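K.L.:
Experimental coordinates follow, after the sequence.
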Amino acid sequence: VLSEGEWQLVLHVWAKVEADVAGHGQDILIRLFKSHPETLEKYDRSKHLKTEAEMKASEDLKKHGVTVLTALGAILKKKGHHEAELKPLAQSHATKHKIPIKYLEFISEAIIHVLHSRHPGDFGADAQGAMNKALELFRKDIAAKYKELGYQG
Ligand code: HEM
């Protein structure tokens, strides 16, 4: 679905993310909450964080961003061959957290924004197109798994 060149652009910028997983995850979650505040409702503890500085100071949020980006990176590195990595994520996000696909679109937008903000020289139009294809594939495949579990979000 992605070409080998597209996967290489995805993994090239992902290596830059991995130089500071925690900082990238903080910026991505903070961007998600500021652009789409309704998403913050899904987090029992984090939803009580009232300012950007509190969000940046939160060890809980920082640890969570690392968990999120580690899971996403493990999926991306499979270059589409991600059933085993995607299934447990679909299970929890469909049946426990109840995260609609539109919220995965919102976080994909935040990922793109932060990648471009931090790595513009390694995240031009072709690299952005490749990352958008990879995240579109992630969202398509997770939506199919959602439906297999009975969730139409
Ligand atoms: C790139 C997309 C995402 C990835 C890779 C991801 C990954 C994860 C991982 C690995 C966990 C911990 C294990 C688990 O419960 O499955 C998790 C927990 C969670 N995620 Fe996601 N996540 C995604 C997007 C979202 C979005 C968009 C929301 C809400 C808008 C969300 C809210 C949840 C919540 C509420 C928890 C439980 C947090 C807790 O109580 O400790 N996630 N996520």
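P.N.:
Structure received. Numbering: from 1, shown residues only.
K.L.:
List the buried residues in stretch 134-153.
P.N.:
For stretch 134-153, burial by neighbour count (16 or more other C-beta atoms under 10 Å) applies to 134, 135, 137, 138, 139, 141, 142, 143, 145, 146, 151. For the C-beta atoms, the positions are set from N, CA and C on the backbone; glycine is no exception.
K.L.:
My guess is the fourth one contacts residue 75. True?
P.N.:
Yes. Here residue 138 reaches residue 75: they are 6.2 Å apart, a contact under C-beta atoms under 8 Å.
K.L.:
Mutual contacts of the two, please.
P.N.:
Common neighbours of residue 138 and residue 75, counting by C-beta atoms under 8 Å, 6 or more residues apart in numbering, are 82, 86.
K.L.:
could the buried residues of stretch 134-153 be laid out in a markdown table, adding distance to residue 2 and secondary structure?
P.N.:
Formatted as a markdown table, the buried residues of stretch 134-153 follow (distance: C-beta to C-beta, whole Å; DSSP: H, G, I helix; E, B strand; the rest coil):
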| residue | distance to residue 2 | secondary structure |
| --- | --- | --- |
| 134 | 6 | helix |
| 135 | 11 | helix |
| 137 | 7 | helix |
| 138 | 11 | helix |
| 139 | 14 | helix |
| 141 | 12 | helix |
| 142 | 16 | helix |
| 143 | 18 | helix |
| 145 | 19 | helix |
| 146 | 22 | helix |
| 151 | 26 | coil |
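K.L.:
farthest-separated two in those?
P.N.:
Largest separation among the buried residues of stretch 134-153 by C-beta to C-beta: 134 and 151, giving 22.7 Å.
K.L.:
now the helices for this structure?
P.N.:
Along the chain, the segments classed as helices by DSSP state H run 4-18, 21-35, 52-57, 59-76, 83-92, 101-118, 125-148.
K.L.:
which helices and strands does the fifth one pack with?
P.N.:
Applying 3 or more C-beta pairs under 8 Å, 6 or more residues apart in numbering; DSSP states H and E, one finds that helix 83-92 contacts helix 59-76, helix 125-148.
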